[PDB]
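The chain that follows stands alone, in the form solved without 5-amino-1H-imidazole-4-carboxamide (5AC), written as structure tokens.
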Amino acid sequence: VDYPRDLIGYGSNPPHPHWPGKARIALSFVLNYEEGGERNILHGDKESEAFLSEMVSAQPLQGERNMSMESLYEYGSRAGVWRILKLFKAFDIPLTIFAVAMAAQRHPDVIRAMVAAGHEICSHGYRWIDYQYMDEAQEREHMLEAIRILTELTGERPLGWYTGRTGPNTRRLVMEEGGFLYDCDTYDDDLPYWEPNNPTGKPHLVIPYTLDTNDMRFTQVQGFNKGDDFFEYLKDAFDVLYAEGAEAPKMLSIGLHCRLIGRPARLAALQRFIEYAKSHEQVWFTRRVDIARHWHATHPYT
């Protein structure tokens, strides 16, 4: 039996990350930019989008446009993004942008704005779709196209990758490409680790992401009712990890979407959490590529 999953990881002995500034916790705020790259018959897809909107019981419509769904996504690119970017500038916290290439193509000025502000542009795929059933040839073709578009748009190729709705081949293809420093398509640890299955042989860093400390839950069946639920949820995660960080620091990812936390009713809670985190000493507010370069310098692959 050759069991491909690693259920053990670091076991009872996770490594000390030695974060900069003696930090007891590292925080990675991530802003997804997906608006303009989601399912739409305009984009050539077979159906309309149904995932992550105020229309909490929406289903895909075959061969149809869902106008309300489209409008909800437009809030993200029209209004939410600028509000969120302002918030992070006000507290001088850097972002990593999981940017969908097709979305970025449709609003190049906001992407340019993000680059000028010093945020990291990470690849979030060519399209914002589910890759579960896509043939390997086509998924690999999407991947290379995502890199092309983001390189042209930002000026440098992306060094991180996150699909989200992966298939069985996604991560293998990402690591096979050779050019990424890291990917985030796992939810399996509180610390980065070197991928144990990289035949390429080059070191590939895994920086796990999150589906729980993530504003996606505002629109899911099991899901925050009000902003303060998200604040309390983040505060609890922070508290437990910051406590552990007296001896064994870890990291925490906070996932955000323009069309979701960009609504004023939800932004208030994110600000309260940022204020809470800022009120503590020894917190490393950082970007994901910075975590990756740090890991390389601190725990090189052996």
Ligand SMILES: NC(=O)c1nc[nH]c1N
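Numbers for residues come from their place in the sequence shown, where the first is 1.
The following text describes the form solved in complex with 5-amino-1H-imidazole-4-carboxamide (5AC), which does not appear among the structures shown.
Novice: Just checking whether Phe238 would be counted as a contact of 5-amino-1H-imidazole-4-carboxamide (5AC) in the bound PDB entry - the rule being heavy atoms within 4.5 angstroms.
Specialist: The answer is no: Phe238 has no heavy atom within 4.5 Å of 5-amino-1H-imidazole-4-carboxamide (5AC).
Novice: Give a yes/no on whether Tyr233 approaches 5-amino-1H-imidazole-4-carboxamide (5AC) to within 4.5 Å in the bound PDB entry, heavy atoms considered.
Specialist: Because no heavy atom of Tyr233 falls inside 4.5 Å of 5-amino-1H-imidazole-4-carboxamide (5AC) in the bound PDB entry, the answer is no.
Novice: Would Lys226 count as touching 5-amino-1H-imidazole-4-carboxamide (5AC) in the bound PDB entry under a 4.5 Å heavy atom rule?
Specialist: Residue-level check for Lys226: no, no contact with 5-amino-1H-imidazole-4-carboxamide (5AC).
Novice: Look up in the bound PDB entry whether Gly164 has a non-hydrogen atom within 4.5 angstroms of 5-amino-1H-imidazole-4-carboxamide (5AC), and give yes or no.
Specialist: Yes, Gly164 is a contact residue.
Novice: Consider the chain as shown here, without its partner, and state which of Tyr75, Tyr209, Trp194, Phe88 has a heavy atom within 4.5 Å of 5-amino-1H-imidazole-4-carboxamide (5AC) in the bound PDB entry.
Specialist: Of the listed residues, the single hit is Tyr209.
Novice: Counting only heavy atoms and a 4.5 Å cutoff, which of 49-57, 266-274, 243-251, 35-43 contacts 5-amino-1H-imidazole-4-carboxamide (5AC) in the bound PDB entry?
Specialist: One stretch meets the cut-off, namely 49-57.
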